[PDB]
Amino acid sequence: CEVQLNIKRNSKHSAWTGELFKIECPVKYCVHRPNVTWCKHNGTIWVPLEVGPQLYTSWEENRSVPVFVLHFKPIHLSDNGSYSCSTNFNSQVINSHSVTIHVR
């Protein structure tokens, strides 16, 4: 068992502006659940994603593997971009592959 963030490589999804939309980060862990955070690429680097009245997170256990979720309520054109999840757990940084969202 090793803590892993399991977004599939090359993940890509499209959404429509104004829809309630979500992206998911499956998390494999061994004993305690890590504090996971979302990041969004700003064109040159990955930066922590700011949440607020229309962007929030949750954990779903209604599955085989727990899933950390980012919910856009609703999603906007400005949300187009590449996202990943990461965690500082124990003594290292664990990262995931990115999911690219294209908003129409």
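Counting begins at 1, following the sequence as shown.
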item: Comparing 28-36 with 51-59, the one whose average Cα B-factor in the PDB entry is higher; value: 28-36
item: Greater mean Cα temperature factor according to the PDB record, 90-98 or 19-27; value: 90-98
item: Modelled-residue ranking by C-alpha temperature factor, third containing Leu77; value: middle
item: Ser84 by Cα B-factor - lowest, middle or highest third of the modelled chain; value: lowest
item: CA B-factor ranking of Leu70, expressed as a third of its chain; value: lowest
